[PDB]
RNA sequence: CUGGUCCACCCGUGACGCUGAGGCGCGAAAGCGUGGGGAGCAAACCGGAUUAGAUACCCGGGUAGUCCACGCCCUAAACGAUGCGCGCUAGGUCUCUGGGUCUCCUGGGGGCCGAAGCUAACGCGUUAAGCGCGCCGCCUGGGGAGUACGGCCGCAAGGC
RNA sequence: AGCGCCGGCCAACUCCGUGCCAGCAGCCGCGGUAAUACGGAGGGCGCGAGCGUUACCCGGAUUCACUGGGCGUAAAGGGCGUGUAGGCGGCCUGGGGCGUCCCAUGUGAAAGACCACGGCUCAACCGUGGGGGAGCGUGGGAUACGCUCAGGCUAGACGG
Ligand code: SF4
Ligand SMILES: [Mg+2]
Ligand SMILES: [Mg+2]
Ligand SMILES: [Mg+2]
Ligand SMILES: [Mg+2]
Ligand SMILES: [Mg+2]
Ligand SMILES: [Mg+2]
Ligand SMILES: [Mg+2]
Ligand SMILES: [Mg+2]
Ligand SMILES: [Mg+2]
Ligand SMILES: [Mg+2]
Ligand SMILES: [Mg+2]
Ligand SMILES: [Mg+2]
Ligand SMILES: [Mg+2]
Ligand SMILES: [Mg+2]
Ligand SMILES: [Mg+2]
Ligand SMILES: [Mg+2]
Ligand SMILES: [Mg+2]
Ligand SMILES: [Mg+2]
Ligand SMILES: [Mg+2]
Ligand SMILES: [Mg+2]
Ligand SMILES: [Mg+2]
Ligand SMILES: [Mg+2]
Ligand SMILES: [Mg+2]
Ligand SMILES: [Mg+2]
Ligand SMILES: [Mg+2]
Ligand SMILES: [Mg+2]
Ligand SMILES: [Mg+2]
Ligand SMILES: [Mg+2]
Ligand SMILES: [Mg+2]
Ligand SMILES: [Mg+2]
Ligand SMILES: [Mg+2]
Ligand SMILES: [Mg+2]
Ligand SMILES: [Mg+2]
Ligand SMILES: [Mg+2]
Ligand SMILES: [Mg+2]
Ligand SMILES: [Mg+2]
Ligand SMILES: [Mg+2]
Ligand SMILES: [Mg+2]
Ligand SMILES: [Mg+2]
Ligand SMILES: [Mg+2]
Ligand SMILES: [Mg+2]
Ligand SMILES: [Mg+2]
Ligand SMILES: [Mg+2]
Ligand SMILES: [Mg+2]
Ligand SMILES: [Mg+2]
Ligand SMILES: [Mg+2]
Ligand SMILES: [Mg+2]
Ligand SMILES: [Mg+2]
Ligand SMILES: [Mg+2]
Ligand SMILES: [Mg+2]
Ligand SMILES: [Mg+2]
Ligand SMILES: [Mg+2]
Ligand SMILES: [Mg+2]
Ligand SMILES: [Mg+2]
Ligand SMILES: [Mg+2]
Ligand SMILES: [Mg+2]
Ligand SMILES: [Mg+2]
Ligand SMILES: [Mg+2]
Ligand SMILES: [Mg+2]
Ligand SMILES: [Mg+2]
Ligand SMILES: [Mg+2]
Ligand SMILES: [Mg+2]
Ligand SMILES: [Mg+2]
Ligand SMILES: [Mg+2]
Ligand SMILES: [Mg+2]
Ligand SMILES: [Mg+2]
Ligand SMILES: [Mg+2]
Ligand SMILES: [Mg+2]
Ligand SMILES: [Mg+2]
Ligand SMILES: [Mg+2]
Ligand SMILES: [Mg+2]
Ligand SMILES: [Mg+2]
Ligand SMILES: [Mg+2]
Ligand SMILES: [Mg+2]
Ligand SMILES: [Mg+2]
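Protein chains in written order, with the deposited numbering: chain 1h, 2 to 138; chain 1b, 7 to 237; chain 1d, 2 to 209; chain 1e, 5 to 152.
What follows is the structure in structure tokens.
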């Protein structure tokens, strides 16, 4: 497996699209810190470190909207959109002045900085940049 | 109003001819058959009836649909009692989605009801008598429970959602909420108010539809005692 | 230079009176009053649906034709507005307004801007004292726009000064008859003018 | 009542022995210039009936666009088939910078300030629906906190 | 004599991995060299028909070749017109081959039908053409043209 | 006061003459006896000491696509392996701080451009002040991620 991060986000995107309550992703002290942001900002209900066949995972509790009126009652997503920015194929790094404004404020950019994993908003606050991990809304 | 030995009547059916969205409403699979968790059937009969109740005491119509041979007769019974419309026979296309045009055919039904209520001529040529009557029976044959419906129902009750997916579709296009009894050959998310039970046993169709009607009359003005069930 | 020809055909093509003459503009001898249909052989033929492009051309031309201004000069202002802070549509009208010859006609010294030019051009107008014969002088707030001393005694300006005694002048301007001098107070809010122009459609013309 | 614009009215044809036989198609947008738009495409044996039918469907299909000082809340990109529409928030002076098709929709919707771009197939019909579904996915600061 | 592969046991190693410009090998048929072999078949070729004509199709003949050894050629509708590896996203049914507590379940493979989703449509859909990461190859209007020139390969044909 | 245009793109329509001729033409296309498309005319549209043509650059062209495309059937998967360089790479702990990020400081000439103001009656042109920047040097800091070194692991891989 070549990108653990991209893998996680996709495990999520894929599940959210058939409306699973949760999904398991292989555990990591870096992936968690990202989940810590996904939950805090209310994209997920949250996560808990579980175990499958002796091996550490992160069970991720997914969140959606109301049932709907019309022929397609499938609720709206909370995570409509999540995608790698930086990648192993091309590391993407921004300085503070060039951190993007996701979706006109309504979305976030998680980034990894030397002050930990932050959002665009938070990064601007401590005034640091870093590897732009991804974008969510 | 609910009863608990529906076990004595229905507890679902069907082998792996299922739909996997129905997973949540299922206990285990026995006789090479999907067996429905009754305790879930319960949680639901309640929530459904609460919807059913609120609709009678506001005096809102309910469209009853079931045409598989099993639920065929028992809808003519149970719906007539609440005097609410039904289709027992063939489900004509566009009954909701094209109401005003479909219905323009009930005025023809009525028009024959008059024209045969005598006279307005019987010096109409012999075959013309015979001709028009045949038409009359025909309209009657499909439309007999439909005419009661003079406006789009505020809700609809279906026996087999799969079998009557057209119906569910037309309602859904209109925002007309759908209540239905439905076994494992069916798609759950497609129903607003749901009765996860056998839909092919005349036993089951009987319990579920009757208590529905009974709950209808009871919060409508009156109460009644037993109504016809074929042994 | 500027348009300098039959000026009634302008109004007729525009489907609206533009007050390009002065006096005869208010009479029933006005062209729009007699033939409110486009100049030339086919004016009475039933108009067919103007295209979008068509529409925005006319609204632009109309605004332009009002000021007697050349298409370049018009452009250069607009572009100026597009670079300048605020709502371009407002600022554009504002800058169109700050033209000497327009200011002069707005303060009533002339019956037509077309006459308000020849006045400025023939040096009968001045600003803050000093003479100005430039129909394009960009007038700022605070400016005293007066008739020339040696021109105060002239038949035509007299006749025209006599006509303003109590007719009220826009909120952005003050006027002192007898003193033959007016004053430029501020740039017009759009409401302060009510020209038959959806100025938005002008922006839309220049973004193609 | 509603304000109404005809975007596209086209003639099509089908073959038969003895000749081609025509039919007309009417793309119409309909709006209140204050946040409510509808798109309808309607066909009939003749031009006006088609326009009428079109306008009819339009009303039978609407969307509530969440204006904000005459601009949309956020950037939106939508693909409908091979057509793509780009919608981007613009400040007061900007105007509507767009081609006719998404122009007609955004203006009659009461959008007064936006930057747009058509990418991919610029077939009017497909660009039309693509602009609709685009608007229809717009979310407000509220809409979002409420969701999350 | 010898390669690949799958299963079960969960015993050993401790990221030893993926892809891969070049390079190297293998590469249907036809074809080529040297030597065999040659029943049937059969380019070329002779002849009979058919037909307006019939350098064809159909009929009677017939040499290379088709076969073997060794060395060349290196193409193809060499196709799933679908590069490889990994992870993730409903199921129904038919089947080959394992291991089970052998009703049934669990692997690895081959088909069909389909959830979501994709898609210009046609169609694809845990054997993805879905959702994603890595690396490679390739495209950028039709013709001229896979031609010319050059270079490299080849006995030639011809190949790149 | 001139010049281009008035079939569609594209704003501007009628009469005569001509008759697949003479001719127009940027693309699509006009002309074969009722041409808004040729030539003249009236009229109209557009600009105006200018108007138009030719040439060339960027744009429209997300049509080389970093932003921002693609390859079953539209152009596009190498005939298939093996593998060199390269590109890329699982979980946990530390050391270093190369990438990366932040602060300071030097440099980043003048003019030009951008915002303010002001001088030539305006402007063009010109003057005074202001705002910065990427990028490189220096000093100090951070250590999530990528790197590197070091020590562990077993879910990848390989072996029994
Ligand atoms: S008269 Fe005055 S208004 Fe009427 S046409 Fe001539 S200029 Fe225009
Ligand atoms: Mg990027
Ligand atoms: Mg059933
Ligand atoms: Mg000039
Ligand atoms: Mg408009
Ligand atoms: Mg501006
Ligand atoms: Mg006016
Ligand atoms: Mg006025
Ligand atoms: Mg421009
Ligand atoms: Mg909304
Ligand atoms: Mg499209
Ligand atoms: Mg696409
Ligand atoms: Mg804003
Ligand atoms: Mg096109
Ligand atoms: Mg072991
Ligand atoms: Mg390999
Ligand atoms: Mg190679
Ligand atoms: Mg070969
Ligand atoms: Mg051979
Ligand atoms: Mg051979
Ligand atoms: Mg040989
Ligand atoms: Mg022969
Ligand atoms: Mg012969
Ligand atoms: Mg022969
Ligand atoms: Mg032969
Ligand atoms: Mg033979
Ligand atoms: Mg022989
Ligand atoms: Mg030979
Ligand atoms: Mg030979
Ligand atoms: Mg094949
Ligand atoms: Mg294969
Ligand atoms: Mg090929
Ligand atoms: Mg490859
Ligand atoms: Mg690929
Ligand atoms: Mg098996
Ligand atoms: Mg076995
Ligand atoms: Mg195989
Ligand atoms: Mg299988
Ligand atoms: Mg096979
Ligand atoms: Mg299939
Ligand atoms: Mg589908
Ligand atoms: Mg399957
Ligand atoms: Mg495709
Ligand atoms: Mg070419
Ligand atoms: Mg060659
Ligand atoms: Mg060749
Ligand atoms: Mg050569
Ligand atoms: Mg090749
Ligand atoms: Mg021109
Ligand atoms: Mg033009
Ligand atoms: Mg026109
Ligand atoms: Mg001649
Ligand atoms: Mg003629
Ligand atoms: Mg022309
Ligand atoms: Mg002509
Ligand atoms: Mg453009
Ligand atoms: Mg480009
Ligand atoms: Mg170009
Ligand atoms: Mg790209
Ligand atoms: Mg392309
Ligand atoms: Mg091809
Ligand atoms: Mg291949
Ligand atoms: Mg090759
Ligand atoms: Mg290597
Ligand atoms: Mg490396
Ligand atoms: Mg690592
Ligand atoms: Mg380290
Ligand atoms: Mg460093
Ligand atoms: Mg610096
Ligand atoms: Mg400088
Ligand atoms: Mg000055
Ligand atoms: Mg300066
Ligand atoms: Mg700058
Ligand atoms: Mg460290
Ligand atoms: Mg190590
Ligand atoms: Mg392992």
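Even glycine gets a Cβ: it sits at the ideal position worked out from N, Cα and C.
Check: Classify residue 54 (chain 1h) as buried or exposed, calling it buried when 16 or more other Cβ atoms lie within 10 Å of its own Cβ.; Outcome: exposed
Check: Please state whether DSSP places residue 78 (chain 1h) in a helix, a strand or coil.; Outcome: strand
Check: Using a Cβ-Cβ cut-off of 9 Å, state whether residue 85 (chain 1e) counts as contacting chain 1d.; Outcome: no
Check: How about residue 105 (chain 1e): is its C-beta nearer than 9 Å to some C-beta of chain 1d?; Outcome: no
Check: Counting pairs of Cβ atoms below 8 Å between the stretch 50-63 of chain 1d and the stretch 195-208 of chain 1d, do you hit three or more?; Outcome: yes
Check: Taking a Cβ distance cut-off of 7 Å, strictly less, list which residues of the stretch 72-96 of chain 1h are near chain 1e, in chain order.; Outcome: 77 and 79
Check: Can a CB atom of chain 1e be found closer than 9 Å to the CB of residue 88 (chain 1d)?; Outcome: yes
Check: Identify, in the order they occur along the chain, each residue of the same chain with its Cβ nearer than 6 Å to the Cβ of residue 12 (chain 1e), setting aside the five sequence neighbours on each side.; Outcome: 31 and 128
Check: Given this structure, state the Cα-to-Cα distance separating residue 154 (chain 1b) from residue 9 (chain 1h), to the nearest angstrom.; Outcome: 56 Å
Check: Between residue 10 (chain 1d) and the rest of its own chain, which residues show a CB-CB distance below 6 Å, the 5 nearest in sequence each way excluded?; Outcome: 40
Check: Which residues in the same chain have their Cβ closer than 6 Å to the Cβ of residue 26 (chain 1d), if we skip the five residues on either side of it in sequence?; Outcome: 20
Check: I want to see whether chain 1e comes within less than 9 Å of residue 44 (chain 1h), judged by CB atoms only; does it?; Outcome: yes
Check: Taking C-beta to C-beta, are residue 114 (chain 1h) and residue 132 (chain 1h) nearer than 9 Å?; Outcome: yes
Check: Can you pull the chain 1e residues whose beta carbon is under 7 Å from the beta carbon of residue 53 (chain 1d), in chain order?; Outcome: 104
Check: Measuring alpha carbon to alpha carbon, tell me which of 111 (chain 1d), 74 (chain 1d) and 30 (chain 1d) ends up nearest residue 156 (chain 1d).; Outcome: 111 (chain 1d)
Check: Nearest by alpha-carbon distance to residue 11 (chain 1b): which of 69 (chain 1b), 209 (chain 1b), 121 (chain 1b) and 151 (chain 1b) is it?; Outcome: 209 (chain 1b)
Check: Residue 158 (chain 1b) and residue 182 (chain 1b): beta carbons closer than 9 Å?; Outcome: yes
Check: Name, in chain order, the residues that DSSP records as bridge partners for residue 137 (chain 1h).; Outcome: 83 (chain 1h) and 109 (chain 1h)
Check: Among the candidates 118 (chain 1d), 174 (chain 1d) and 162 (chain 1d), whose CA atom is the shortest distance from the CA of residue 101 (chain 1d)?; Outcome: 118 (chain 1d)
Check: What are the start and end residues of each continuous beta strand (DSSP E) run of 3 or more residues lying completely inside the stretch 140-225 of chain 1b, in chain order?; Outcome: 161-164, 184-187 and 199-201
Check: Say whether the stretch 39-49 of chain 1b touches the stretch 189-202 of chain 1b, bearing in mind that this needs 3 or more beta-carbon pairs closer than 8 Å, one atom from each stretch.; Outcome: yes
Check: Which residues bound the alpha helix (DSSP H) around residue 72 (chain 1d)?; Outcome: 72-84
Check: Listed by chain order, which residues have C-beta atoms less than 7 Å from any heavy atom of ligand 1?; Outcome: 8 (chain 1d), 9 (chain 1d), 11 (chain 1d), 12 (chain 1d), 13 (chain 1d), 18 (chain 1d), 19 (chain 1d), 20 (chain 1d), 21 (chain 1d), 22 (chain 1d), 25 (chain 1d), 26 (chain 1d), 31 (chain 1d), 32 (chain 1d), 33 (chain 1d) and 34 (chain 1d)
Check: Rounded to whole angstroms, what is the Cα-Cα separation between residue 138 (chain 1b) and residue 100 (chain 1b)?; Outcome: 25 Å
Check: Looking at C-alpha atoms only, which residue of 3 (chain 1h), 61 (chain 1h), 50 (chain 1h) and 57 (chain 1h) is the closest neighbour of residue 14 (chain 1h)?; Outcome: 61 (chain 1h)
Check: Between residue 86 (chain 1e) and ligand 12, is there a pair consisting of the residue's CB and a ligand heavy atom that are separated by less than 8 Å?; Outcome: yes
Check: Could you pull out every unbroken alpha helix (DSSP H) segment of at least 4 residues lying fully inside the stretch 35-87 of chain 1e, listed in chain order?; Outcome: 51-63
Check: State yes or no: is the C-beta of residue 65 (chain 1d) nearer than 8 Å to some heavy atom of ligand 4?; Outcome: no
Check: Which chain 1d residues sit within Cβ distance under 7 Å of residue 96 (chain 1e)?; Outcome: 88
Check: Skipping 5 residues on each side, what residues in its chain have a beta carbon closer than 6 Å to that of residue 10 (chain 1e)?; Outcome: 32
Check: Could you check if residue 204 (chain 1b) is buried or exposed, using at least 16 other CB atoms within 10 Å of its CB as the buried criterion?; Outcome: buried
Check: Roughly how many whole angstroms lie between the Cα atoms of residue 71 (chain 1b) and residue 73 (chain 1h)?; Outcome: 21 Å
Check: Within the 9 Å Cβ cut-off, does residue 160 (chain 1b) reach chain 1h?; Outcome: no
Check: When Cβ atoms are compared, which residues of the stretch 55-81 of chain 1e fall closer than 8 Å to chain 1h?; Outcome: 77, 78 and 79
Check: Under 9 Å between the Cβ atoms of residue 134 (chain 1h) and residue 35 (chain 1h)?; Outcome: yes
Check: Would you mind stating whether residue 114 (chain 1d) and residue 158 (chain 1d) have Cβ atoms separated by less than 9 Å?; Outcome: no
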